[PDB]
Structures are given as C-alpha cells and as structure tokens.
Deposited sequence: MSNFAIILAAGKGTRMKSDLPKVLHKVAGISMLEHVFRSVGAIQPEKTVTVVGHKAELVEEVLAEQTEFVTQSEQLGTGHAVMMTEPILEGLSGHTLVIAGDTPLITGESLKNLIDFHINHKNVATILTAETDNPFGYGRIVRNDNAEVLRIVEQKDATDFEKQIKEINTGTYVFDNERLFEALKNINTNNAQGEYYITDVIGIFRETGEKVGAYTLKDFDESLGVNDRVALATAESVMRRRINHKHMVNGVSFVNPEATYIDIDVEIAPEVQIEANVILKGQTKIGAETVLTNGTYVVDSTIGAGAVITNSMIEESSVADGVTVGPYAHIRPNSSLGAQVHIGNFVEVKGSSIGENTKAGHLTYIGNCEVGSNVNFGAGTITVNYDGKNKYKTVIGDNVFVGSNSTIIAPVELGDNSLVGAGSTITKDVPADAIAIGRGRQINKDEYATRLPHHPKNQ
C-alpha cells in the first residue's frame, strides 16, 4: 500500500501575495494541483494534505480529492508530518512526503522513486538531484556501497562536503510504521524536521537510500515569482512537446501558451503567441494564427481562427473567424460561418453558412442559416434595464449599417435596407426600409472647409 502526504501549509514571504503560495497557477491550474496529479501515479490508498495558512482556499481547490489536516502554526516539516499521524499511524505501507510547491516533479519520477524504495528495501529513500551549483541545498553524503549516510545542510557543511553535487529535493518515501515511530521519538525529544528521521534511522542502522532525478529542473521548489515563471516555462515546453509528438505543428512552441487540460487533434497548425485556456478542444486541421486567444471553447475541424478571442463558446467545422473578432460567452457559430474583422458575437447562435464580415455587433440573437450581415450592422438588445432577444430567420439579408432594435423578428428571406433603423418585425419575404432620402445641392461644397479652394 502506498500513501501520500502533501505539505501545503506554507508560510513564507517572497511571493508578496495574499494568495497562499501553492495556489499560484502554472499552465492553468495551481502548483498544488500539479503535485496532486503526479502523486496520483503511485495510486495512493490515502492522500493527506497538510494545510495551514488560508486553509479554506486550499480546501476548496482539492475538495473531495484528499483528506485534510491542519497545522495551526509553523514548527517544521516534522511537525507538519506529525499532523497526519492520527490518519496514518500504524498502517503498513510506503509513504511519500512531497511539498505542494514542487509542481514539476512528474508522476513517472514518483513511480520510479517508489519502485526504487521497495526494490532496495530501504526504510527511507530521499529523492535527490544533481547540480553543478549546490549552494544552499542539503547535500547527500553516501558511503561507498552506496547508502545514504546523511544529509548535510549548507550552514553545517564542511568544505569537502560543500563540493557534493547530489542534493536533497525535500521529497521522500518512508516505510510508514517506522516513519511515525521515529517522528514520535524526535517529538518527545524536542521546531523539528523530517530530515531528523534520517538521523534516527542511521542511529538504528536502518537502510536509507537515494533515488536521483534524471532532470534537475524537475526538482524546482517555487518560493517566488521568478521561480514560478521558471515553472511556467518548463511546463509549457512539456505540454507543447506532447502536442507536437501528437501531430500538432508549432511555429514556436517556446512562446505558445496552452493550459494543461487543453485538447488538440492531430494536424492542427498553431502560430506563435497563441493562447488556449481552460477546457478548450481544437479539431483536426484547424489553423490558429498569432494572437488567437480561446478560453473554455470547442473549435471544430478545418476551422481558421485568425487573431481573435473566443470565450465559452462553440465553433463548428469549417468556421473562419477574424482577424480582430471577439466571440463572447454562450455563442455558437454553426458550420462554415464566417465572422470577419471587428465583429463581436455575444450570447447568440449563428446558423450554418451565415456571414458577418465587418464592423458588426450581434448580441442576444437567434440567427438562421445563409444570413448576410452587411458591414456596420448593430443589434440593439439592452434599453438600460431589460435585455431583449432578436430572432432572425434563414437567408435574411440585413443591409450594411443598419440598426436592429430588439425585440424584433426578421422573417425568412426578409431584407433590411442598408442604413435603416428597424423597430418592428419584418415578415418572411418582405423588405423593410427606414432611412432618409438623399438630397443633392449642387455647388454648395464650394463654401465648406474641406474644399480645395478654402485651403
């Protein structure tokens, strides 16, 4: 049986944030959540997360995923572990202790760590990593066999010891029953540290091993925003790598921003500086061009989103959007819809093959198929208090620069004259014209400011 303890009871200062550190986001979810997902690879029978500062925010994020215990004050990693004792005391198994601020440790690394632990019959295994700049890290001193002898902190290190490149990531697997017996010994003999338990086990000459991360960047502990941006870069290359391996082309995967749960079908083409966030799905052969920003939306197959922002919406196959369009929450663009430059669609369903190419606002409308909106078309939905709905049937022709004042209905095949203000229904097959009549006055431009003579 595997257990997991997650330390998320962080008090520290360098984030300069009211938000507790582990809840700071990387690729769309909290650090603490990345860690929970790696922890899931060991299939723990119990996961206890230790909360402290702003416990309830943390508890909202992992609600129903983990048991919680609270450490009422800072007193070391030892005390933090000791808060889990009433849940874990005496159970037989292997317990991972991991911090909620090392969001880059992979599930695959944690499985390798638990496997090493079990296979070598360690009582403790320290997850280590190798760096050419170990300043500040506790060092792993091995004897020649090559068991861990001890962990030596910077401030207590000899000069030969300072040259050890193998350092303590602060992540461990312990035989569970022994972990708690040792902690109680340390507890009654005393701020205490989980590293103290390594001391106890060397005193009883129980076997302490060390499993070395192949990639040191995975060991990053995030204490400030500079490390958080480092984590972000690392995770971005990771997620974009997965996308590319699956058949997604990236002009620049080092500068394209795709959250952890975004899904992307093979043959997608993504230019640099594209942003996909939340529960976004992109269908096969879809092209996303530089500046495109999609939050919580489904885009179908064969679409082209050019430099446009799509929020909480659904977009069918073959749709073209942009450049410079805004699809705002609860819109649906049916198959082969064209939305052009400087068009906003808000809360509206747009039937298949319909076109709005320019300078148009469609707000709170239900629109049929094969509709044309001339440039400058405005739907008017909000009077200061009520929001009204417009219903536009199939094959309606809304002439350029007209104003459709809801609640109105445009019937199938109707037409609205360019420049009209529309305040009443237009039946199927009817036209409606609400505009003023051109009157020319010869020669009069001669007396106006723009005229070349008056210059």
Exercise. Provide the list of deposited-sequence positions lacking C-alpha coordinates, grouped into contiguous ranges.
Key: 1, 192-194
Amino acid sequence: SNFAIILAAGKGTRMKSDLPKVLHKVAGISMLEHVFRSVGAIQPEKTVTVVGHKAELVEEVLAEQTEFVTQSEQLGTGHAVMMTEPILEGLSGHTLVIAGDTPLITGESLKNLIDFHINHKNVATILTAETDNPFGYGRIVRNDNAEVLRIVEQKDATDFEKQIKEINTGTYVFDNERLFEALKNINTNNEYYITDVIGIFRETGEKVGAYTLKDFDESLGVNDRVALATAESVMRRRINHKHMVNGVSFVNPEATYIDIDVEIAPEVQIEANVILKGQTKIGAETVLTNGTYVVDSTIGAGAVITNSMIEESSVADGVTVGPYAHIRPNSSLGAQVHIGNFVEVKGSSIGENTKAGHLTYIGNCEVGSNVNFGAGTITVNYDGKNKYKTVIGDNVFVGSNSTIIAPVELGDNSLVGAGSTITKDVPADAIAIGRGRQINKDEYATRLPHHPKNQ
From here on, numbers count along this sequence of modelled residues.
Self-check item: Residue range whose averaged C-alpha B-factor is higher in the record, 191-199 or 243-251
Solution: 191-199
Quiz item: If you average the Cα B factors in the entry, which is higher, 98-106 or 121-129?
Solution: 121-129
Practice problem: Tell me which of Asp144, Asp259, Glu85, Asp224 tops the list for C-alpha B factor in the record. | Solution: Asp144
Practice problem: Go through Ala63, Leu415, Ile404, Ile392 one by one and give the residue whose Cα B-factor in the PDB entry is largest. | Solution: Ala63
Quiz prompt | Assigned third (lowest, middle, highest) for the C-alpha B factor of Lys184 | solution = highest
Quiz item: If you rank every modelled residue in this chain by C-alpha B factor, which third holds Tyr211: lowest, middle or highest?
Solution: highest
Exercise. Going by the recorded CA B-factors, say which third of the chain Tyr324 sits in, lowest, middle or highest.
Key: lowest
Exercise. Place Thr204 in the lowest, middle or highest third of its chain's C-alpha B-factors, as listed in the PDB entry.
Key: highest
Quiz prompt | Third of the chain's Cα B-factor distribution that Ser38 belongs to, per the entry | solution = middle
